[PDB]
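For reference, the structure discussed in these notes is given below.
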Amino acid sequence: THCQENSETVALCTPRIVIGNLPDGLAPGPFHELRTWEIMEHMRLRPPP
Amino acid sequence: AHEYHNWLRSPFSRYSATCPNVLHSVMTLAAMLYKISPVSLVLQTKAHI
């Protein structure tokens, strides 16, 4: 990201510490829910209690 | 901690964690008890198990 500092423009970089940070254009909302379903299937909780 | 001289090793505890709490799982624990031996093998397979 670009940012302003004391009347000058500088670049800024940060780490995407959590996978959710990805913009949904590269990771849509429904994909995350179904990935959670895959999590559940691995954990044998295929239907939730 | 004598897991190698123990009668019931870590695969039982690992399966217990992901257990679905219905009676079918209890019989699954009961089923796993089947013995690995010549007489046990012949009796088990004679029933077509």
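We name chains A, B, ... following the order of the structure tokens; residues begin at 1 in each chain, and ligands are numbered from 1 as shown.
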Once you count only C-alpha atoms, what closest atom pair and distance in Å to one decimal does each residue of chain A within 10 Å of chain B have, with rows by chain and rising residue number, as JSON lines?
```
{"residue": "A:42", "atom": "CA", "partner": "B:18", "partner_atom": "CA", "distance": 9.3}
{"residue": "A:43", "atom": "CA", "partner": "B:18", "partner_atom": "CA", "distance": 6.3}
{"residue": "A:44", "atom": "CA", "partner": "B:18", "partner_atom": "CA", "distance": 6.1}
{"residue": "A:45", "atom": "CA", "partner": "B:20", "partner_atom": "CA", "distance": 7.4}
{"residue": "A:46", "atom": "CA", "partner": "B:20", "partner_atom": "CA", "distance": 9.7}
{"residue": "A:49", "atom": "CA", "partner": "B:20", "partner_atom": "CA", "distance": 9.4}
```
Could you write out that same residue set with C-alpha atoms as a PDB file, in the first residue's frame?
```
ATOM      1  CA  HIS A  42     -11.498 -34.227   8.676  1.00  0.00           C
ATOM      2  CA  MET A  43     -12.596 -33.854  12.319  1.00  0.00           C
ATOM      3  CA  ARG A  44     -15.464 -36.380  11.889  1.00  0.00           C
ATOM      4  CA  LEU A  45     -17.980 -33.722  12.930  1.00  0.00           C
ATOM      5  CA  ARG A  46     -19.563 -33.905   9.474  1.00  0.00           C
ATOM      6  CA  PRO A  49     -23.876 -31.434  17.137  1.00  0.00           C
TER       7      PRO A  49
END
```
Show which residues sit within 10 Å of stretch 29-46 of chain B, as a PyMOL selection string. Count only C-alpha atoms, and ignore same-chain residues fewer than 3 positions away.
-> chain B and resi 8+12+15-16+24-26+49
Output the selection as a PDB file, in the first residue's frame - C-alpha atoms for each residue.
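Output file part22.pdb is given in full below:
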```pdb
ATOM      1  CA  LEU B   8      -4.060 -51.306  24.385  1.00  0.00           C
ATOM      2  CA  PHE B  12      -7.335 -46.455  20.588  1.00  0.00           C
ATOM      3  CA  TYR B  15      -9.723 -42.874  17.653  1.00  0.00           C
ATOM      4  CA  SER B  16     -11.415 -41.912  20.930  1.00  0.00           C
ATOM      5  CA  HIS B  24     -22.213 -47.564  17.080  1.00  0.00           C
ATOM      6  CA  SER B  25     -18.832 -46.229  18.207  1.00  0.00           C
ATOM      7  CA  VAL B  26     -18.966 -48.386  21.351  1.00  0.00           C
ATOM      8  CA  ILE B  49     -16.095 -61.813   8.905  1.00  0.00           C
TER       9      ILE B  49
END
```
Find the residues around residue A:13 up to 12 Å (only C-alpha atoms counted), leave out those fewer than 4 positions away in its own chain, and share them as a list in words.
->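 What passes the distance filter is residues 1, 2 and 3 of chain A.
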Include N, CA and C atoms and write out the residues we just selected as a PDB file, in the first residue's frame.
```pdb
ATOM      1  N   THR A   1       0.842  -1.190   0.000  1.00  0.00           N
ATOM      2  CA  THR A   1       0.000   0.000   0.000  1.00  0.00           C
ATOM      3  C   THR A   1       0.880   1.244   0.000  1.00  0.00           C
ATOM      4  N   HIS A   2       0.430   2.273  -0.716  1.00  0.00           N
ATOM      5  CA  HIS A   2       1.018   3.602  -0.647  1.00  0.00           C
ATOM      6  C   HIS A   2       0.342   4.418   0.447  1.00  0.00           C
ATOM      7  N   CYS A   3       1.112   5.308   1.068  1.00  0.00           N
ATOM      8  CA  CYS A   3       0.595   6.126   2.155  1.00  0.00           C
ATOM      9  C   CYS A   3       1.290   7.478   2.156  1.00  0.00           C
TER      10      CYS A   3
END
```
Quick one: DSSP strand (DSSP E) residues in chain A, as a list in words?
->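 So, restricting chain A to strand (DSSP E), we get residues 2, 3, 4, 5, 8, 9, 10 and 11 of chain A.
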For the selection just defined, write its residues with C-alpha atoms to a file, as a PDB file, in the first residue's frame.
```pdb
ATOM      1  CA  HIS A   2       1.018   3.602  -0.647  1.00  0.00           C
ATOM      2  CA  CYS A   3       0.595   6.126   2.155  1.00  0.00           C
ATOM      3  CA  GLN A   4       1.196   9.792   2.937  1.00  0.00           C
ATOM      4  CA  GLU A   5       3.686  10.978   5.551  1.00  0.00           C
ATOM      5  CA  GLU A   8       5.368  13.038   1.196  1.00  0.00           C
ATOM      6  CA  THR A   9       4.227   9.729  -0.291  1.00  0.00           C
ATOM      7  CA  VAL A  10       5.915   6.481   0.761  1.00  0.00           C
ATOM      8  CA  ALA A  11       5.258   2.767   0.305  1.00  0.00           C
TER       9      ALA A  11
END
```
